[PDB]
Each structure stands twice: as structure tokens, then as C-alpha cells.
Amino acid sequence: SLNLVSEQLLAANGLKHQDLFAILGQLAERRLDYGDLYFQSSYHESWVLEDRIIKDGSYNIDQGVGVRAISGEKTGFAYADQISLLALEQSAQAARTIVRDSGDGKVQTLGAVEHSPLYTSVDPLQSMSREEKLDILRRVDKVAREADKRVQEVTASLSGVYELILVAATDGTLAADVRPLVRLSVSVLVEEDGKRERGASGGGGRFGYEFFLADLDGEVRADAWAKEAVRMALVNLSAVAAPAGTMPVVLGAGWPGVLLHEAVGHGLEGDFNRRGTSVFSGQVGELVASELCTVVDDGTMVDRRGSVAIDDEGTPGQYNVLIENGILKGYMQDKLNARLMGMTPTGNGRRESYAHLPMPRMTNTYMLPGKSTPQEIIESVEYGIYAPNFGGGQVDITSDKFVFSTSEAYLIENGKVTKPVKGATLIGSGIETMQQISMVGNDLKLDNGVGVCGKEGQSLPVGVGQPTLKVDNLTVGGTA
């Protein structure tokens, strides 16, 4: 990857290795712990089907360089939407003004090392023909409409990104990545006797569009997802008022792992903990979850949306155990916060683009499976909720309050799943909720490739996952 990316980002823009030396040298005129240059080019395409036709398409291009100068707690940062020597010089000269004092100028020699490949370098935009891409959307439309007569509207979209990145730093880091990302989304509207509801499905990952035509449990994946959006819509159409108050909640496997993303994930990002602003600050070695819970953030999963072959600081993705048998083991880091905490980078230094600062961020966050069957978990509840699907969530990491909102949910009555109920926001304290996890299923899965995480205005692709699990007490925001 490095030679191929270097040819596209550096050589093609009149830059050599020695220009990297010169610019890093300009930063190192000042008293800095670290400086870096981050180069990026990306290409985004989208296609949208609605009203049985190919309604829209887009093609979006960006490129640029971002330059950081860091001293202790401090960062100076400037960037440009072009890759050139002048853009690098102007950005370095602005960023380094963070400190006036002279430095010793002693940078480490630039030197790349190998990392495990986690996804193809084949451009997904060019690897499939335009009509074959549009046939995916046409097939989703046909299947969804054929699934039930009550289907009145279908919106199906395909998105693809191809991104090249290169990072060079004063600590000697020299690293590159080639990042594909595709997503298929489906939304359907159903109507019956004047009542309307919506349902959605989709997913993707770091590969080409052929994934959407591959097999999923004996059917074509795009077809299965088309049928899932309809099924979801019809459940919602039948749903009755959700109960209100504190009760047992059984969460399904996969995307309900939003629980972990909100309840512990953000709270374990090293920036909050270095500052002391997270409820988890200073709690390494303490019981922060039930003894049944092992939570990992894993940047190493081949082909997954949330994975990072390198992070945006050039650190290869890692399997990081955050909580082990309920005990807090550590935090997700970037280079800045790791230095200030006396810790090491973990492969969690991520930025939305060259025009944004990296910070500690999640990759794929999930709970390891346990011994219970999903059926045993459901049978243990006399009255509660079963929630196999969610929309999003949110967390206050200081007060340790989080929310997440159901997208498919049911009553459990006498150990059996019964009536579908309307969307409800669930709320709890993160630590207290994790300590209430009394059963952990043997059925781990991750989401289909749909996660978007927002922190400080920067949106990133992430994964979540878990087996089926039981939270003994959780507050359900129903009306009934």
C-alpha cells in the first residue's frame, strides 16, 4: 500500500520523501513533543432509487493535507484542501505557532513498518459496472414490493467511498492505508386502511458491491435485506403502546450493542479519562460491569466497517480488551492522550478527514459471548421487554447517563415474547446498567455494517455487537 499511495498522494503532486523531511523540520523548529502531516484523497459516489426509478446520483471528490504541532496538552492545527508543497508549508507555519519557544530539532528518522491487511485496496467505485450497481437497487425495489401488498414506497440507496491516506510524523511514523467502504440502505413505507409506518434495513463493509449479491443463509443478501425492511415496517404498523417504567429488558444480538457503545464505549475514550471528566476516570481495576461481561474494542476485523488497518496516526488496529469479567482494564487512546497518561497508543486515533483533529475513537465495540441460550434468557422474564433492534443512542460521560431508542420491540409475558410495542427510549446509568447484566447469550453477532458515531462534530464509521443479554432493571420510556 505505501508505495502505491505514495505515488498517488506525493509523487503525483510534485512531492518527495525529502519534502516530508523539510516540513517536519519546520514544525521541529519549535519546542514540540510531536508533529504530523496527514494526506488524504477520497472519492464518494451514491445512487438512489425511489418511486420505482433511478432518481439520483452523485460523485464527490476531496483531497488535502492536515498538519499538527503538539506540545503536552496543546495542539496547533492547520490544513488545506490541496496537496502541494506550498499548502504543507503554509499549514506547518500556522500550526507551529502553538509554541513560540525553540526546540532542539531532533526528529526521528522516517521508517515504515508492516501491518496486517484488513481489506482490499481494489477501488469499489470502478470494480463493478454502473448498470450492475443499479440492478442491485432495482432488485431491492422489486423484492420489497413483492413481499407484501401493503408496501407502497421503497427508497434504496447505494453509497461507495474509496480513500487513500498517508501519515508522516516526527516520531518516525510513516504509514499508509487504502480504504474502501460500501453501504446499501433500504427504507419502505407500508399502508393499511389509512395507517402508515416505515421500516429499514441495510449494511455493508470494506469491500466492493458484490457483497450485496452474495449469499446470506440461502438467499441473495440484497433480497434478504429488502424483505427485512418490509418485515420491520409491518411489525411497527401492528405495534401498541409500550409500557412505562423500570423493568427487565432482554436485548437482541448485533446492533443492540449500541448499549455498549453508549454505556461504556465513549466513557472509555482516553481523552475524557486523561482530563478526569469521565465517570470511568481513575477506575482501572474496579468492577464497572457484571462479572459475566467482557467488552472489547477491536480494530482488526477483516472487511468490517468499523475496522482500521492503520488508524489516522499510523498505529495498526488492535484487539483491545476494555473490560474483562466486569473489571476495567484500560482506555482507548490516541498518541496525545497516551503520552499524557503514561500509556501507549491502542490504534484508536481517528479523524473524520484531513480537515479535522484526531482523537480517541471506537472501531468495532462488542461483548464476548457467554453460556446462556437466547431462549433461556427470554424464559427467565415474567414481565419485561425484548428489543431485537434499535436506532441510535447518546451518552453523558460525566454524569454517566445514557439513552438508546428501540426500533423493534415486544412485551415478554410469562417467559414468552408477545405483543409488538411502539418505539421507546431506554435510559439508565452506564455502570449501574452494566452491573445489572445477569445473563449473557452464546450468540454473538455484530451489526450489518450500519454504524455511525458522532463526537465533537466528527462522524465516523463504527461497528457494535453483542450476544443476546438480559439487563435486570432498565427504565423504558413508554406511555402505557
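The numbering used is simple: start at 1 and walk along the sequence shown.
Stretch comparison (10-18 versus 457-465) by mean CA B-factor in the PDB entry places 10-18 on top. Comparing the deposited coordinates for 118-126 and 77-85, the stretch with the larger average C-alpha B-factor is 118-126.
Ranking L181, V167, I378, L368 by Cα temperature factor from the entry places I378 first. Of the candidates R96, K106, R206, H356, the PDB record gives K106 the highest C-alpha temperature factor. Remark: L322 belongs to the middle third of its chain, ranked by C-alpha B-factor as recorded.
Split the chain's modelled residues into thirds by C-alpha temperature factor. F212 is in the lowest one. When the CA B factors of the chain's modelled residues are split into thirds, the value for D33 lands in the lowest one.
Among all modelled residues in this chain, the alpha-carbon of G276 has a temperature factor (C-alpha) in the highest third. Ranked by Cα temperature factor within the chain, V440 sits in the highest third according to the deposited record.
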